[PDB]
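All remarks here apply to the structure that follows.
Protein chains in written order, with PDB author numbering: chain A, 1 to 119; chain B, 1 to 119; chain A', 1 to 119; chain B', 1 to 119; chain B'', 1 to 119; chain A'', 1 to 119. A prime marks a further copy of an entry chain.
If you want it as structure tokens, here you go:
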């Protein structure tokens, strides 16, 4: 019933920008903190950014701090990731996830969207 | 201006019940955890209950646990305190307050509502 | 050495009620927050409710809020879930789990108890 | 002695911008989350923004969200508040303060810096 | 009534040691995180250490780290502060206090215990 | 890029002592809380101790409380576990891990170091 659906991924040149979206339904969106999780090739999933239910607080992992911006529009029930100054190391499948005693199990994540950074 | 308006207090007999209400305006209500603060005669204020922005989490001080229930209705901008099994020691002015990093300054609580428990 | 043992599951009609118990040993029970985790057929585990060590605070996922009550009796070293107004979607194996940087690994959960909601 | 020195305030027109600074000494700066506290004329203090020790997490009060940006430079021992789109209601003395379990006592804030927004 | 009784303070030479105690009554001791609060002459109160309900987590302010050790005995209803390598700057009234959402109002601390560090 | 490298494990007699180290690189060490995770034969991983980025707060699981000490030297970018009064049940592979919404995925842990407690 809880559904998270991502879009906005694709190919991008190094230094370029991209915005990911995640549409949520089946729960009161504003009641949950939400995160973006990065899954690079051959690597474990890594939470790179988090935002509170109200949008009043955000957190960034060092690997994306200063380049990525997490935001949400609670009126549109949508979560965003603005990815700027993209580098090859940003190449990964990105998922959105609800908070839980850190993130929910991956069965409940978005379907994932691949971001490929290439010249 | 942020405004919090308490009501619902009054006179009750020991063992009686009351339901306090707090109407909020001037901010997005659901974005703030809220608490009820007790000020008994000649005593410092004490937070006796707390509820998260979403209403998903609640906390009760020991002195009140099992007797009081905090709840909120975000569509109505209201916070409630159901007080059962009242005793003379519950006699106090009750305030609602926004969580700050903990509770906001007393300047931002209500004018309060007086509960007098007496025979 | 840490042991969590559940009981109280079984068959129930839609709209009916059931209470799950979880007996804990091998650690100071009151020193740990405890949760109930739902595992519906073909679905990932989901923490649906949580309670602090003292019992002073509780949390509920939206899917169970208003119908389920988590509680604990620290004098009996036992954790409970009161499940009311059961619906078909509540059909699942329920586990108890200690908090950790959200819940402990599932190796440390209770053995699970199946709840089957059927007419 | 722990010392916090605010500056950067002054006179600005509505819609203008200011950047406040706070220089810290007497403690390991990066070990403490820091906040900015607003004291408007005749009002109690209000924490309007908060940043973690590492600068990795930030929080904004509703009244300030989308207009102010808190940041820190741990190598310089400085905390900043970028204030955009100022309005007359932002007129206040601004203090920086260390997180305590929430905010430290007012004795440990600065002497503050006055922001006057007027035509 | 909730009551907290501090003792163990007194006169010591620089480099000396003291062990403060705080006896609690009127509440379930293990249900509350507790802190030690320093009030030096002419200074605002400062929480210098904090311990969780279970005693499982502890925090120390920088000014005290590596010299003081906070501990508790829940079966005896006692909180302790071991103070080593005392210096003249540790001269203060020491209070124990319950965590509130952060610290409880000063009305609920002890009458305190005076530590005088002098030659 | 983030790397955690452990050392200091090996054989030890019951009652003996051992210190584990974990060298970190590829991130600002002081910006992350760090933990030690125990993986005994045939058992799930278990976080036994945690320390904040500054070193100001620590947590211990009951199974190690009073015997193990977690510490960090942020100037050496190194995390330690001092293991005292070792018992057979302490036999396990120990990993260091960064905090995340509890610990990061095990792909990002140290390589592990085996501690064997035998007469």
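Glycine included, every Cβ here is placed at the ideal spot set by N, Cα and C.
Kindly list the residues whose CB is nearer than 7 angstroms to the CB of residue i, restricted to its own chain and excluding five residues on each side of it in sequence; keep chain order.
i	result
residue 110 (chain A)	4, 5, 6, 22, 95 and 96
residue 63 (chain A')	48
residue 74 (chain A)	29, 30 and 55
residue 9 (chain B')	18, 20, 94, 113, 114 and 115
residue 32 (chain B)	53, 98 and 99
DSSP three-state call for residue i: helix, strand or coil?
i	result
residue 46 (chain B)	strand
residue 92 (chain B'')	strand
residue 31 (chain B')	helix
Check the DSSP bridge columns for residue i and list the partner residues they point to.
i	result
residue 57 (chain B')	A:59
residue 19 (chain A'')	A'':82
residue 117 (chain B)	B:12
residue 37 (chain A')	A':47 and A':95
residue 73 (chain B')	B':78
residue 103 (chain A'')	A'':99
residue 25 (chain B')	B':3
Output needed for residue i: all residues of its chain with C-beta closer than 6 angstroms, excluding positions within five of it in sequence on either side, in chain order.
i	result
residue 72 (chain B')	51, 55 and 79
residue 24 (chain B')	4 and 77
residue 16 (chain B'')	86
residue 84 (chain B)	17 and 67
residue 82 (chain B'')	19 and 69
residue 65 (chain B'')	none
Rounded C-beta distance between residue i and residue j? I'm assuming under 8 angstroms.
i	j	result
residue 20 (chain B')	residue 118 (chain B')	Their Cβ separation, rounded to whole angstroms, is 17 angstroms, which puts residue 20 (chain B') and residue 118 (chain B') out of contact at 8 angstroms.
residue 1 (chain B)	residue 26 (chain B)	5 angstroms
residue 105 (chain A')	residue 106 (chain A'')	Not really, about 10 angstroms apart at Cβ, beyond 8 angstroms.
residue 101 (chain B'')	residue 102 (chain B)	4 angstroms
Please report whether the beta-carbon of residue i lies at a distance below 7 angstroms from any beta-carbon of chain E.
i	result
residue 7 (chain B')	Looking at the structure shown, chain E is missing, and the protein chains on hand are A, B, A', B', B'' and A''.
Which residues in the same chain as residue i place their Cβ atom closer than 8 angstroms to its Cβ, once the five residues preceding and following it in sequence are excluded?
i	result
residue 61 (chain B)	46, 47, 48 and 49
residue 108 (chain A)	2, 4, 97 and 98
### Query
Just checking, does the region 41-60 of chain B' make contact with the region 48-64 of chain A on the three C-beta pairs under 8 angstroms criterion?
Taking 8 angstroms as the limit for Cβ pairs, the verdict is that the region 48-64 of chain A does touch the region 41-60 of chain B'.
### Message
Contact between the region 85-93 of chain A and the region 31-40 of chain A' is defined here as three or more beta-carbon pairs at a separation below 8 angstroms; is this criterion met?
### Response
no
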